[PDB]
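In what follows, residues are counted from 1 in the order of the sequence shown. Worth knowing before you read on, the calculation uses all heavy atoms, side chains too, and leaves out hydrogens, waters and symmetry mates. Just so you know, ligand 1 is whichever comes first in the structure, and atom 1 is the first atom listed for that ligand.
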Amino acid sequence: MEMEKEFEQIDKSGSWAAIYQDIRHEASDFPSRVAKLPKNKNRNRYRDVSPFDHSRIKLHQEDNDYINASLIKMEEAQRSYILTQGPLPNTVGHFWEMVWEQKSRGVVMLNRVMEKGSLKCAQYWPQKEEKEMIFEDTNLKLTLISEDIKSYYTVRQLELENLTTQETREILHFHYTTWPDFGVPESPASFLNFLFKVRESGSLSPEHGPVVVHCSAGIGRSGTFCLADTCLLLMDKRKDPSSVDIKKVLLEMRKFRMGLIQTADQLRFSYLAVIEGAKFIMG
Ligand SMILES: Nc1cc(Cl)ccc1Nc1ccncc1
């Protein structure tokens, strides 16, 4: 079926939970043996969220190459994304090592450091120009260059230096700051505006390594971001945009990381975002 009318048909019939459970039942199951080794327990935020072995990102280290991060490679859309958990106190250096080694231009953050009164990820970037951060375990330096605070999101320019080679690179930090502590946003308008700002920066384009995107577990909000982006790109590329099947795209993405889209409300919000986004692209 088309998307907008399949949408109204699920609303009128109130069957979002049943649709979402079908997706959970059909989703791929692949091994995640490296994630579950005992030496990696303190590298995982949640015991039930792990990268598959076949798609995990490897750190360029001979001691321990493990990080909780997955490469989502969308062949028809010609887009790749790295989805990862919010960094832990003991994995902030690994996180920036990955950004460096994978040649990423941008980092997309979809959570606040504290939500619901608890810490959802480490404070992993500097908040003042004159107070830079040094990660001694991975030999990297990170400096805040500039910050632009808007009503729904903040964009930061950062300098990452590899202290071993003295090479430097400019990294863009796109921070969506207004996702509610509970539920999903009422309108997709600010989320779509944010996605378009990331696109306009070049961070999603083939001349760079994959964008790094995270929330707290790296599957819920993060899944919503890449699902919406890929579906809108496919609608632009195909002769028949109504052929794009968001459930099929989500199941394809779940071949590369488990659990993408965590609730039926996030599924409905993803449909809403793609539907509204497809009108603005054209009007
Ligand atoms: N809207 C639309 C519908 C059909 Cl059937 C064919 C072409 C368009 N136009 C497009 C196509 C691809 N990308 C943008 C616009």
Side-chain angles (χ1 to χ4, degrees), residues 1-13 15-16 19-20 22-23 26-27 70-83 104-108 110 150 152-153 155 172 174 176 178-179 184-213 220-257 260-261 264-283:
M1 196 185 316
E2 175 190 59
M3 190 171 31
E4 173 144 37
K5 290 185 283 155
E6 190 199 350
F7 179 85
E8 319 241 62
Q9 198 241 322
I10 302 170
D11 258 6
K12 74 170 170 50
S13 55
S15 46
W16 282 109
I19 302 300
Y20 178 66
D22 297 346
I23 289 165
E26 286 296 328
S70 308
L71 180 65
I72 307 347
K73 190 171 185 195
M74 303 303 289
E75 186 169 24
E76 184 191 356
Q78 286 293 290
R79 279 270 225 257
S80 292
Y81 318 83
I82 292 167
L83 268 63
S104 310
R105 179 83 190 293
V107 173
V108 173
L110 303 170
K150 307 276 224 301
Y152 290 92
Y153 69 98
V155 189
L172 301 181
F174 286 93
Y176 190 79
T178 54
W179 195 294
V184 304
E186 184 159 298
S187 161
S190 55
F191 192 69
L192 286 166
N193 188 61
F194 175 76
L195 166 62
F196 298 156
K197 297 294 186 187
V198 179
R199 279 184 176 197
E200 289 177 5
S201 79
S203 290
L204 289 164
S205 297
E207 63 249 26
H208 302 293
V211 69
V212 170
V213 347
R221 298 173 201 177
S222 292
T224 302
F225 183 87
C226 60
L227 182 59
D229 183 54
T230 285
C231 283
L232 291 167
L233 212 49
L234 293 169
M235 289 176 80
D236 266 349
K237 214 171 203 254
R238 286 187 186 175
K239 288 185 180 184
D240 179 13
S242 73
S243 69
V244 173
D245 185 336
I246 178 167
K247 301 189 259 49
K248 286 176 177 168
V249 178
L250 177 53
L251 287 166
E252 179 67 27
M253 291 185 162
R254 278 195 178 214
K255 299 176 179 174
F256 300 93
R257 187 169 176 82
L260 305 179
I261 310 302
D265 260 36
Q266 280 176 6
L267 186 63
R268 181 180 186 275
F269 181 77
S270 299
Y271 274 75
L272 266 184
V274 174
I275 291 168
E276 187 61 25
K279 308 168 153 157
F280 199 74
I281 206 115
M282 316 183 171

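Looking from atom 10 (C) of ligand 1 to the surrounding protein, the closest heavy atom is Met282 CE, 4.0 Å. Of the protein's non-hydrogen atoms, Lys239 O, 3.3 Å is the one closest to atom 6 (C) of ligand 1. Scanning the protein heavy atoms around atom 3 (C) of ligand 1, the nearest turns out to be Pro241 CD, 3.8 Å.
Side chain of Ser187 to main chain of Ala189: a donor-acceptor pair is present (N/O by atom type, distance under 3.5 Å, no hydrogens or angles). Although no hydrogens or angles enter the test, the distance criterion places no donor-acceptor pair under 3.5 Å between the side chain of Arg79 and the main chain of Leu233.
Between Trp179 and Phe191, the ring planes are perpendicular. Angles over 60° get that label, and only those under 30° would be called parallel.
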Q: Given side-chain contact (heavy atoms from CB on, under 4.5 Å), test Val108 with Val212 step by step and report yes or no.
A: CA-CA 6 Å; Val108 173; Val212 170; over 6 Å; no
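A salt bridge between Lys255 and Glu252 is present, with a side-chain N of the basic residue lying under 4.0 Å from a carboxylate O of the acidic one. A salt bridge is absent between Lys247 and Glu26; no separation between the charged side-chain nitrogens and carboxylate oxygens falls under 4.0 Å.
Using a 4.0 Å cut-off to heavy atoms of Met235, the atoms of ligand 1 that qualify are 12 (C), 13 (N).
Distances shorter than 4.0 angstrom occur between a heavy atom of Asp236 and an atom of ligand 1. Note on ligand 1: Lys237 sits outside its first shell, no heavy atom being nearer than 4.0 Å.
Here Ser242 has no heavy atoms under 4.0 Å from ligand 1, in either its backbone or its side chain.
There is a protein heavy atom less than 4.0 angstrom from atom 12 (C) of ligand 1.
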